[PDB]
Structure formats: C-alpha cells, structure tokens
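Here the structure is laid out as structure tokens; the discussion comes afterwards.
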Amino acid sequence: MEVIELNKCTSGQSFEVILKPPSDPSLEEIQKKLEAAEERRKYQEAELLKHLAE
Amino acid sequence: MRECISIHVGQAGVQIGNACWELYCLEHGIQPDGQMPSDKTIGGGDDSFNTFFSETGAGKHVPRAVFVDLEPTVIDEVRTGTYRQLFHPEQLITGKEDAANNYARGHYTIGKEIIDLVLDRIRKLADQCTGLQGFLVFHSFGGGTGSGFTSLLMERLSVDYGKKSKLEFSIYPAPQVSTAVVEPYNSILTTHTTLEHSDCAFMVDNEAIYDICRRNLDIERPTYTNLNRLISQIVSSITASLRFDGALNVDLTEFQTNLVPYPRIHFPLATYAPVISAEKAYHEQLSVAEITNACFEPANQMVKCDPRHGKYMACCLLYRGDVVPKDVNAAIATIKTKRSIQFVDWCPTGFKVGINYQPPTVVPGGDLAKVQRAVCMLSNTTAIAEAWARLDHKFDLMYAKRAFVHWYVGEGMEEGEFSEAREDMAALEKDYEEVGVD
Amino acid sequence: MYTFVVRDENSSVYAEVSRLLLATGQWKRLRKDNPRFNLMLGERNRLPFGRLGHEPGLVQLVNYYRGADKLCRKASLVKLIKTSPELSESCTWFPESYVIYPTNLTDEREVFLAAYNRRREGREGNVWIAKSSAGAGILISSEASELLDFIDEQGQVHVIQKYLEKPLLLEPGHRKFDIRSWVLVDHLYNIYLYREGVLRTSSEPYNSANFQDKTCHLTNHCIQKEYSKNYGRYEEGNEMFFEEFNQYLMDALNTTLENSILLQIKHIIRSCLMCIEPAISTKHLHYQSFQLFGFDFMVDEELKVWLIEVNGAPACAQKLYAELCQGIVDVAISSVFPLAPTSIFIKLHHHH
Amino acid sequence: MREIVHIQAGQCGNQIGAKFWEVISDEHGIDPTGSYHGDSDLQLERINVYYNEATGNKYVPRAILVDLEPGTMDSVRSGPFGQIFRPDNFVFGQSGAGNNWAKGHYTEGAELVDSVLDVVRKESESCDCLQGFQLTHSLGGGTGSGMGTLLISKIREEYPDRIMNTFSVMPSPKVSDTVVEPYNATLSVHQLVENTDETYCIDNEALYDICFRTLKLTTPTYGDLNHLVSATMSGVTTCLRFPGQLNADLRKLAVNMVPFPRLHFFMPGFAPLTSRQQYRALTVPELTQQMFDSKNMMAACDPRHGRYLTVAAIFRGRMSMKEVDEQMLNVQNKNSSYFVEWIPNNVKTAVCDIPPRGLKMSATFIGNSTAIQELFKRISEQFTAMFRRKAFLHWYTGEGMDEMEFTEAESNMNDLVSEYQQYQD
Ligand SMILES: Nc1nc2c(ncn2[C@@H]2O[C@H](COP(=O)(O)OP(=O)(O)OP(=O)(O)O)[C@@H](O)[C@H]2O)c(=O)[nH]1
Ligand SMILES: Nc1ncnc2c1ncn2[C@@H]1O[C@H](COP(=O)(O)OP(=O)(O)CP(=O)(O)O)[C@@H](O)[C@H]1O
Ligand SMILES: Nc1nc2c(ncn2[C@@H]2O[C@H](COP(=O)(O)OP(=O)(O)O)[C@@H](O)[C@H]2O)c(=O)[nH]1
Ligand SMILES: CCS(=O)(=O)NCc1ccc2c(c1)OCO2
Ligand SMILES: [Ca+2]
Ligand SMILES: [Ca+2]
Ligand SMILES: [Ca+2]
Ligand SMILES: [Mg+2]
Ligand SMILES: [Mg+2]
Ligand SMILES: [Mg+2]
C-alpha cells in the first residue's frame, strides 16, 4: 500500500496507489473501397433497368 | 494548452452531444449566449476550459464541436434550442435523408457523398488549434449513420490526422429502447472497420442506462432525455480532467497509457455513483468509502457484466466533490479485503486516482439530485467481453439465414464484409479470453 | 405461464425436475436455443452466463453458480483452502494436499516432499493418494517415487493428499465407506441440506497391507459394482441411508449420527459455501443462480469428519429422486416463479 | 420534409383511397375544403407528408386518382371530401377494364399510363425529399390490378431508388364480382413480388368475417368493408403522420420488416372491433389480446399456422407506456413458438398520443408472417381449377396475352408459397 506521484493544485489533486508489483488504409485505398461499392450499385441498377426494358 | 475537437454523428451522437455541451456550460459558467463572465481574458486565452471552447472578440465561447447527421430533424433542435447561440451554422451539418438503419447506406452510398464536406468543416476547427490533441467521437452502434458514417469518418481522420488520438463514446444497442432489428449487424460492422482507428472507446449499454433510470431515479419509462442527462454526467466525469486544471489524464494520449496496454482491448468499463433521485425528500450523503464500494456493484456499470469473473488491466478512480486522498486509500484497503479484484500478472495491481474538488453539476429541473461527492471508475476488465459475446451471438442467429443481408448488398456492400467483420470479432473475443481466463 | 429450456440431457436430476415442472401445467419447455426463457437448466461446461439477464421483462434463473467450479475442482479446492483466510492452511477437516503439475508442463512438488520426508523420518504413517479431475485413474502407495512418476505419465494437473489409514469400518464386514450429502443453494444464498444422505459402502473388507487392490479402498458406486465381488450383500446397492447408519452408531458406538458426524458435516458445508459467497453471489446481479452440490466426506475411527471433494453436477440416490427433485422445485424454482411440510432440508443459517 | 405520393387506381382503389383521405383529413384537422381547423400542433407537425400546402394556407392531398372509366371518380368528386383533391390529379378513361387484367396492363391501361406518370412526375417534382409511393387498389379487377401494377412497373423504372408501398385488396369468392378474380390476382401478385417493398394484404374474405361475426353486420356492403380498411390504413400510417422515432420512415420500416426481398407481404390488424357496449373503456390487456387475435386480422390467415418474421405494433391514445411494454412482452413470452428465434427482438412497439376519431385508445398490428402463404395458396388453387381447363382465357388471349404467361404466373406464385414454407421451419 503505497502512494506515488501526488500532484496538488487549486482545483484538486491526483496520485497513484500501488498495492502489488507485477509478476492504415491510405486515402487512395479508401477511394477504391467507396468507388467499388458505387460501381456495384450502378451494376445492379442497370440490371434492373435492363430487366424493366425487357 | 491543447485543443480537443468533439464530433457527434447520428441522432444518438447529436442528442448526447447536446446534453454534454449543456452540462459543460453549466460547469464552466458559460451562458446560452456564449458569454462567460469569469473569463477575464476577452476573446483569447489558453486556460483549461479552452481545450473545449474557442473565443471570439465579442466574448463568445464557442464549443470545438461538429454535429453530423444524414437527416436534419435532430440537429434542427440544436439550431433553435436553448444553446442555439453557442454554435455557428457551419458546425451543424445535416443531410436530406438518413441511412435507414443501414450501415452500408451510411458508410458507402451516402457517406461517400458527404465525407469530404465533413472533413472540410472539421479542418476549419483544426485550423483554430495551436496543438490539437485529437478527437472525441460520439455515435451509436445501431443507427445507420452512427455505425456507417462514423467508421468512414474514423478511416479518413486517421489519414488526415495520423499522429492524433481518437476516443469514442459509443451507444451499445439495447432492445428496450430501439425498434431496429438489424442493429447487431451495424454494431459489428462498425466495430470491425473502426477497431484499428480508435485508441480508446467508452461503450455505454442503453440497457444499463435504462435500468439505472428506473431503479435509482424512479422513472417507470425513461426517455432519451432521461438517458442522455445521465450519460452526459458520466461523459463529464471522463472528460473533466481535459477541461480543468489537474495532473491525471491531462491529454487524450494519457487515456491509452493509463487504460489500454494492449491496443485491441481498448474498451474500458465505466461505473458511476451515486445516482440519486431529485424527487426524494432528502437523501443521506454517501461517504468516500460507500461510493467507492459502489464502483464494484454491477448495478451501477455502464455495461451489465460481472467483473468478478474477469481480470483487470488498469483502473482509474475519478472523484468529484468533497474527497481527500486519506479517505480514498482507506476505502480501497477495505474493498480489497472484500471484493474480487483479480489483475493480470503482467500489470501492476494498483489504482490511479484523480480528485476534482468541484462536485458534480446537475441541470436545473433534471432528474439527478445534487450530491456532495461522486466517483467514476474506469477499469479495463475482460468481463466486458460478455457484451461482445452477446452482440456477436445475435449476429450469428440472423446471419445464419442471411436475414436482411440484401439491404446491405443493395447499397453496394459485398456479403464477404459480414464474415470478415464477424471473424474479426471472433478474434477480439479470443484476445479477452487469452488475457483473462486461465 | 413460465417457460424453461433444457441444455443438459444427461442430468438425471434436472431431467426429473423438468418432468415435475411440466406436471404442474404451469411451465412450458422451449427449444434449447430460445432466449425467451425464465429458467435455464444449463450445460455443465462453458455455460454462457453472459447471455443471461438481458431479455427485457424476463426474470431469468439458472441452475449453476458461475464461479462455483473453484470449489468443485480437485486442484481448485486445494488452492482455495490454502489461500482463503476463512479456511486457512491449518483447516482441520481437509486432508493435507498439494497441487502437483506433471513435469511436461505454481507447483508444490518440493513442499510435498519435505512433508513426506518429515513423516518417513518420524515413523508416522506415510501413505498418500494421487488423483485428478480427468479420472473415471487413481493411485495409492507409501512411496513418493511411485506417486510422482504416475502423474508425469499423464498430462493433466493432479493432487496428492494424505490417505486416511484409520477409516471408520462398519461391522460386520470391516469395510470402508464415504458419505454423500446433497446441498441446495438458492438465489438468496440460503444453504439447504437435504435430510437424506447416503453412505456408499465398500462391500469388501478393508486391507491396509495391500493398496494394489483398490476395491476395498475406493467406495465409488461404479467400482463397487464393477470390480467388487460382494456387491449388494450387506445393503442394497452398497447404499446405506441415514436411518440405518444412525441405528448402527447407536448399537455399536453408543452415539448418534447427528452428534458424531452430522454437526461436522454441516459445519464444513457452511465453511466452504460462505467462503466463496462474495465471489459467486447473484444478489445484485441481472440474473439469478441456484445450484445443487454433492459433498463427499470421510470418517475415521475417531469419528472425525474429513472433506473429500465437492461435486457441481451430482447424481442422486435412486430411492431419493422424487423427494429431492420436488424439493428443488419447491425452494429453488417456485420461490422465484411461484405457482397459482415439514421441509426436507435443513437450513444452515449464516451471516451474509 | 419526407413527402409521400399517393396513387389510387380503379373502383376499389378509389373508394378505399377516398375513405382513407377522409379519415386522416379529420385526424389532421383538414376540413373538406382544405382549410385547417384543428387545435393541436401535432396535427401539422408532419402534415406535409401526405398534403401539399397551397396559397391561403390550404392543404391539398398529394394524391392521384386513376381509373379507366369515369364512374367511381365522379362519385369521389361528389363525395364528402371530393372538393379537397386537385382537379388535375384526376386521370381517367371511358373504355373501362372489364375486370380484365390484360385490359388494364396491356391495352386500355397502356393508352392511359403516360398521362398518369405526367401527374406523378408533377407531384414528385414539388417534393423536397420524396420518401416513396403508396398505391391503393384491388387485385381482382382490371384497372387497379392490371393498370395498377403497370403504374408500379413504370414508377420503379423512373424512380428506382424510392420505396414502393401498396394496400392491396385480395379477392375472395365470399365477396366476389366475377369468376376471373383469381386470374387477375395471380397476375398481379407476381408484379408485386418484384416491384414493391411493402404490400399490406387486405383479404375481402377476412373483412367479411369481421363484419358478419365480430361486428354483427347481417348484410355487409362494400361501404362497411371499407370502414375497416380506412381504420387500418390510418393505423399503419400513424408512424408516418405524427412525430415518432420508430418506423418513422418508409425505408426504415422496410429495413426492419423485410428480412428477405420477396417476402414483403404483411398482415394488418386493428383493435378494438366493437359492435354497437361500445362506450366501455378498453384496457391495455384487451387491446393487446385482441390485436393479436386472428379474428382481428385482415389477411384471413390463422397466424398459429406459421411464424412471425417481424411484428410492428402501434398503440394510439393516452395510456400507460409501461403497461404497454408489460403486455407486449407478455404476448411474446407467452407464445414464443410463433416467433422465429433467428431474428432477435423481432417485435417492436410504437406509441402515439393522438387517438383515432371517437376512440380513447386503439392498436394497429403489422405482421410479416409465413402464415400468409395460406392466402396465396387459396388464390393458387382457384387459379388452377379454371386454368387447367383454360376456362375464361379468351377474355385474355383476345387482348394479346398467351397461355405461357399464365403458366409463368402460376409457377411464380407457387414458388412464393414454397419460399414461405421453408422459413416457417
Ligand atoms: N442513449 C441514447 N441512445 C440513442 C439516442 N438516440 C438513438 N439512440 C440509439 O441509437 C440506436 C439507433 O441509432 P440512431 O443513432 O438513432 O440512428 P442514426 O445514427 O441517426 O442513423 P440513421 O439510421 O441514418 O438514422 C438505437 O439503439 C437507439 O436506442 C439517444 O438520444 N440516446
Ligand atoms: N485422502 C483419502 N483418504 C481416504 N480415502 C480416500 C481419500 N481420497 C479418496 N478416497 C476414497 O476415494 C473415494 C472418493 O474418490 P474421489 O471422490 O476423489 O473420486 P471421484 O470424484 O471421481 C468420485 P465422486 O466425485 O463421484 O464422489 C472414496 O470412496 C474414498 O474412500
Ligand atoms: N374492400 C373492397 N373491395 C372492393 C371494393 N370494390 C371492389 N372490390 C373488390 O375488388 C375486386 C373488383 O375489382 P375492381 O376494383 O372493381 O376492378 P377495377 O375498377 O377494374 O380495378 C373484387 O374482388 C371486389 O370484391 C370496395 O369498395 N372495397
Ligand atoms: C351474406 C352477406 S353479403 O355476402 O351480401 N356481404 C358481403 C358482400 C358485400 C358486397 C359484395 C359481395 C359480398 O359480393 C359482391 O359485392
Ligand atoms: Ca479566455
Ligand atoms: Ca491511427
Ligand atoms: Ca383505344
Ligand atoms: Mg437518424
Ligand atoms: Mg467428482
Ligand atoms: Mg368493379
């Protein structure tokens, strides 16, 4: 049971109590992901319009 | 002084942001018009509260915040509510139609079209900062925007602000206050693509907030207002060290150092006390020991789980009110001889304690009663994995039938992203089990 | 209407409890994966406690205390006793035991050998028994070399404990025996002892000059019925109930089962359960637990009771299923989900 | 500002649509002239969802009245609220559809569809952000069934990413006009399977049983049957017409109610259904017990024959929301064998303070249940009984249709029944 790094100021204080010692995707890659899904949407919609035109 | 930019995404993020910035103003003595008589430096200053508010020449203290929602109804309340005067219009971004509770719709379909605008607005706030620490991102797991657009925002933020810390406040889906059936899907999808981008995340289970409002506040059917005022108290307790003079958790960097030794396991459990009804004739003020002992009662946790059957990696006690180190260390000695606090052998068995003498502030007319001292314990427990296991299980039930998957594929998402996200969760659960169980 | 699910088809006990529940016309059984249940008769291993108590509007109850394995595992029990101040290392009702890991994997090998050398030097009876949890595999011997070399042949943790060389032998026969007590702990953590115990007697005469034949030394109901030649001679199924055993103690030892054996049994039951209550209690928890426990005891010729082990998923004596099972329904299930005596249990009061 | 464009086609569609606008106009305080005279701001909060605002604070429904003969629409214009509809939004012919799906879809209807789309485009152009469409029609006739599904097909082509919603009246021999109704209903169902996100199934046979047995109406009429449809249409749209957060958007509703794209046919329900003992107060338990009772359902399918995929209840009026959850959670927990266990929390409740006219409180039920396969089974059997003899086909082959098209509609619906059966297990 020890207290360490006790810091006191006007608005409070803080300290540490120890009981026992121990024993990314680039901007380009994000544009591709976004554009890939946009493309898949464009494909599905064209398949709908192709179906409707038939 | 280093600045902190708050970001609120979706309905949950925006309504919780509203509740917090209301609480911040009451705490710093800021009025609805942005005026702060205590600030003797007009239109400038590098004080502690300046980490969250900038200043104009006219004395207006403007939150360093950005609200984003794909539909405008929730943000219009901000534009006309009590604190309309705090923000200028560029800080409130609203779209025309939301993500329909569809992750794919918010991340891909709509997110692709609005992402560059949001970053531009955030870039404006960054340009007012002399030393930006990082960001605080509030959002829900279940919403289409909260899950979908947030994970996109975190990806870009890591690209545009590589050396900046990002902390999350995430609302874990609870059926008692939701009508969306696909929320397990959204939650797991957003956790997967956000994991490598978030440095520390405080999950709040709506089921926990709900039951605390029924048990401790006598709210038979709590509303979002009831939930958000309680959630903003825990948020204030967590962010207080950034906004006031102190020495513990003085910058976003310190949250990871003190709470996250292993990067993927960055979901600390939060426990708050006391929550006392205001309608009570008059309550007996709880002692440092009693409220500290309450930090180990599952009933006061932001996520219902049993820490008795996990292992601790860190623990911080953030006190506010009439508290002195003499009383704190005393109650801790008594709680070790009674409680089941098992630490991991490669972490020091101890507690970091922060005390702020200003007791908790309560919104006038709110549900919470003024108390002389309160505490918030941030502990990193393997027990919180119970929440992933639950959420992951509901995912497995629907995905076994491919139920609702077509709505996501229809927005341009590949089905393999489901399984890729689920396999990531399976490994996250395994990380907790390898660190906690024997 | 109350609903329940069954996730352990092998449990003879709760198989009867489920039959009793359905007999009241007030309990409905759902598929074992339906989350909307009031009562879970759960699985033995890896029961997912984390998913209990999250269904809105449902008070959910389970028949296992999460964490009670610390008491029902061989090595865990020894560690619990040596480490728990409530039980201490000097506890006078638990045989001297040590946790010994096979060398192919802390361990108490040295500590065990110093105590072994201490006995061998002081002319004292130095007979130990090595056992584990992965058994049907048990060994008895007076040489430490045979005990250690046996555990290394295996691959799981074992425990070495002092063998009771002076057991109490029933006459006629001169035969060993153990005592099984059934204990039920409810959601409020009341400790109820079933008034009906069972002595699983060895139908073979005890023999201290030959531990090679483990038929008169092990009183297991499965060994006496597979490797014993006098099975069912003195008592049907090598099972003597309290009514009989009590009369024997009177005619032979001029004492009663309550005074000479039961007072100690009740004391041990209280000590173990109270010790772990803070760790496993579901008082302030989002779900509720109850559980049936099987305590095994040994009695020496001095009428001092010793604790053998604790079973988390015990079976019941055939003649006592209806009474005990119905009792579980009464105080464990209906006490939380009531329906529209002379109790069979003995409540062991204690300070919570 | 999430506007919905309303289309009503054919006799049934225009008469049910008529009473609908009459019922909701009352709830929003709009009189027959379009002038608002309510006393609660909740009436105007979401008023633009179904109404346009003209000069002088006039509220004009966003509805298009379509038919191939003038009869029914002359009545609407002369009916109670006939004055409230935009005169331009009346689009009709003189030929009629002769209860013939082919005439509505391929011949007569084709000559008229372009002018209808010109009106649909005019209403959409003035929409701030268009949610989607909703169509009222029957499937047993010619205009609503044949031309109605044609309009849907052409609306989806021009507005592919907008929700398409319908209130569809299913034919029944108990309330039948002609024997070819199975032909017309089977041809439409396939169109709806492909081109609608949500179809509220309204079985005239169920409406009959409710009027005869529960409501004790000796000799029910189409007017009486339409009182229930009006009341049900008001309930299912309460989420859209008043301030709410649960199922408040057409796309959000579709997302939580449709686990699979083809299984989007809902069973609606309403409570109370009282016979004139009509002033007694209805308790929350009674609202729930009745709302979930088959006798209160309009699809004419016994739910206990299948399983609910998703459920959406809406309670209207001032009541205990705590006691609402207590009774809803009591129905699920007392009949969990009829709710699929592989969709966690598939029953959602929504409360509304404003009750329907003349009622202290009510409840509307919306179920996506596999039991609906019984309704499609009935239609299929009546179709095959005639089609195996090619009876009455000349009415259709004389309009350019071929037998192969009928054989395909047959296989299509029988596939739909099979798809329901595999999820009921
Ligand atoms: N605690 C809390 N939770 C909220 C609040 N608002 C919504 N939620 C939760 O958020 C989940 C739904 O996600 P939302 O945030 O409403 O949806 P969204 O982020 O706006 O995304 P969209 O689908 O486009 O509307 C549900 O589980 C709600 O319980 C709130 O104000 N407070
Ligand atoms: N230290 C000891 N001294 C004397 N006898 C002992 C003993 N340890 C075990 N025994 C004998 O072994 C038997 C119990 O074995 P144990 O209970 O450890 O194995 P087990 O757990 O597989 C049987 P169960 O769990 O069903 O009671 C008893 O009959 C007892 O006589
Ligand atoms: N519920 C209801 N059903 C109707 C009404 N009018 C017609 N029907 C049913 O609709 C079918 C006839 O279609 P109808 O609308 O008259 O043909 P259309 O005018 O060419 O579209 C039959 O099944 C009738 O029972 C009505 O006012 N209410
Ligand atoms: C025994 C009562 S009833 O059969 O007359 N009422 C139902 C009904 C109403 C209108 C109908 C119809 C049937 O067939 C054509 O139009
Ligand atoms: Ca200043
Ligand atoms: Ca980073
Ligand atoms: Ca012509
Ligand atoms: Mg939203
Ligand atoms: Mg055993
Ligand atoms: Mg007609």
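Here are the numbers for the structure shown:
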| read-out | value |
| --- | --- |
| Matching residues in region C:289-306 - criterion: being under 18 Å from residue C:335 (Cβ atoms) and more than 13 Å from every other protein chain (Cβ to nearest Cβ) | C:290, C:291, C:292, C:293 |
| Filtered residues of region D:70-108 (kept if more than 21 Å from the chain's Cα centre (by Cα) and of a type in the set (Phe, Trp, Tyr)) | D:92, D:106 |
| Meets criteria (more than 14 Å from chain A (Cβ to nearest Cβ), within 14 Å of ligand 4 (Cβ to nearest atom) and not β-branched (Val, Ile, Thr)) for residue D:182 | no |
| Qualifying helices (runs of 4 or more DSSP H) (wholly inside region D:154-252; at least 2 residues being out of contact with any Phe, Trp or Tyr (no Cβ under 8 Å at 6 or more places or on another chain), within 26 Å of residue D:27 (Cα to Cα) and not charged (D, E, K, R)) | D:204-209, D:222-236, D:238-241 |
| Residue satisfying condition, being within 16 Å of ligand 7 (Cβ to nearest atom) and of a type in the set (A, V, I, L, M, F, W, C), within set D:113, D:119 | D:113 |
| Among residues of region D:57-78, those that are assigned to a helix (DSSP H, G or I) and more than 22 Å from residue D:4 (Cβ to Cβ), counted | 6 |
| Output for region C:13-41, where each listed residue is more than 16 Å from residue C:326 (Cβ to Cβ) and in a loop (DSSP other than H, G, I, E, B) | C:31, C:32, C:33, C:34, C:35, C:36, C:37, C:38 |
| Lone qualifier among D:299, D:271, D:231 - being closer than 24 Å to residue D:136 by Cβ, under 19 Å from the mean Cα position of the chain (by Cα), assigned by CATH to the domain that holds residue D:207 and of a type in the set (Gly, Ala, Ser) | D:231 |
| Residue satisfying condition, being within 14 Å of chain C (Cβ to nearest Cβ) and over 14 Å from residue D:288 (Cβ atoms), within set D:369, D:336 | D:336 |
| Residue within region B:326-348 that is assigned to a helix (DSSP H, G or I), buried (at least 20 other Cβ atoms within 10 Å of the Cβ) and charged (D, E, K, R) present | no |
| Residue check for residue C:319: among the basic types (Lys, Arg), surrounded by fewer than 21 Cβ atoms within 10 Å (Cβ to Cβ), within 24 Å of residue C:91 (Cα to Cα) and more than 16 Å from ligand 3 (Cβ to nearest atom) | no |
| Flag for residue C:184 being more than 18 Å from the chain's Cα centre (by Cα) and surrounded by 15 or more Cβ atoms within 10 Å (Cβ to Cβ) | no |
| Residue count for region B:144-180, restricted to those that are small (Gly, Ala, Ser), crowded, with 24+ Cβ neighbours inside 10 Å and within 30 Å of residue D:311 (Cβ to Cβ) | 6 |
| Odd one out for residue B:249, checked against (1) within 12 Å of chain A (Cβ to nearest Cβ); (2) closer than 24 Å to residue B:210 by Cβ; (3) assigned to a loop (DSSP other than H, G, I, E, B) | (2) |
| Residue in region B:169-192 that is of a type in the set (D, E, K, R) and within 16 Å of ligand 6 (Cβ to nearest atom) present | no |
| Region B:390-420 - residue that is more than 17 Å from residue D:257 (Cα to Cα), in contact with a helix residue (DSSP H, G or I) (Cβ under 9 Å, 6 or more places away or on another chain) and part of a loop (DSSP other than H, G, I, E, B) and, of those, nearest to the other protein chains (Cβ to nearest Cβ) | B:412 |
| Matching entry among D:117, D:112, D:130, D:139 (being under 21 Å from residue D:184 (Cβ atoms) and more than 16 Å from ligand 4 (Cβ to nearest atom)) | D:112 |
| Hits in region B:276-315 - residues which are of a type outside the set (A, V, I, L, M), part of a loop (DSSP other than H, G, I, E, B) and within 12 Å of another protein chain (Cβ to nearest Cβ) | B:296, B:297, B:304, B:305, B:306, B:310 |
| Answer residue from region D:117-139, given it is over 20 Å from the mean Cα position of the chain (by Cα) and part of a helix (DSSP H, G or I) and is nearest to ligand 6 (Cβ to nearest atom) among those | D:124 |
| Within region A:1-42, considering residues that are farther than 20 Å from residue B:416 by Cβ and of a type in the set (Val, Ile, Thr), the one surrounded by the fewest Cβ atoms within 10 Å (Cβ to Cβ) | A:10 |
| Failed item in (1) surrounded by 18 or more Cβ atoms within 10 Å (Cβ to Cβ); (2) away from chain B (no Cβ under 14 Å), with residue C:285 passing the rest | (2) |
| Of the criteria (1) buried (at least 20 other Cβ atoms within 10 Å of the Cβ); (2) more than 14 Å from chain A (Cβ to nearest Cβ); (3) away from ligand 3 (no atom under 16 Å from the Cβ), which one residue D:213 fails | (1) |
| Residues of region D:1-43 satisfying the condition of being over 19 Å from residue D:116 (Cα atoms) and either within 16 Å of ligand 7 (Cβ to nearest atom) or within 14 Å of chain B (Cβ to nearest Cβ) (or both) | D:1, D:2 |
| Matching entry among B:71, B:90, B:97 (being away from ligand 9 (no atom under 16 Å from the Cβ), surrounded by fewer than 19 Cβ atoms within 10 Å (Cβ to Cβ), within 30 Å of residue A:32 (Cα to Cα) and within 14 Å of chain D (Cβ to nearest Cβ)) | B:97 |
| Yes/no for residue D:46 being within 14 Å of chain B (Cβ to nearest Cβ), over 17 Å from the mean Cα position of the chain (by Cα) and within 16 Å of ligand 1 (Cβ to nearest atom) | no |
| Residue within region D:254-264 that is out of contact with any helix residue (DSSP H, G or I) (no Cβ under 9 Å at 6 or more places or on another chain), farther than 18 Å from residue B:405 by Cα and not β-branched (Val, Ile, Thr) present | no |
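Quick grid of which residues meet (1) assigned to a helix (DSSP H, G or I); (2) within 14 Å of chain D (Cβ to nearest Cβ); (3) farther than 26 Å from residue B:367 by Cβ:
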site: B:163; (1), (2), (3): no, no, yes
site: B:168; (1), (2), (3): no, no, no
site: B:181; (1), (2), (3): no, yes, yes
site: B:187; (1), (2), (3): yes, yes, yes
site: B:194; (1), (2), (3): yes, no, yes
site: B:198; (1), (2), (3): no, no, yes
site: B:203; (1), (2), (3): no, no, no
site: B:207; (1), (2), (3): yes, yes, no
site: B:212; (1), (2), (3): yes, no, no
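Matching residues to (1) more than 16 Å from ligand 2 (Cβ to nearest atom); (2) closer than 20 Å to residue B:377 by Cα; (3) among the hydrophobic types (A, V, I, L, M, F, W, C):
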{"residue": "A:6", "(1), (2), (3)": "yes, yes, yes"}
{"residue": "A:27", "(1), (2), (3)": "yes, no, yes"}
{"residue": "A:33", "(1), (2), (3)": "yes, no, no"}
{"residue": "A:37", "(1), (2), (3)": "yes, no, yes"}
{"residue": "A:42", "(1), (2), (3)": "yes, no, no"}
{"residue": "A:47", "(1), (2), (3)": "yes, no, no"}
{"residue": "A:54", "(1), (2), (3)": "yes, no, no"}
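All of this is worked out from the model, or read from it or from the source named; no laboratory read-out is quoted. Positions of Cβ are generated from backbone atoms using ideal geometry, with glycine treated the same way; all protein chains shown enter the neighbour counts.
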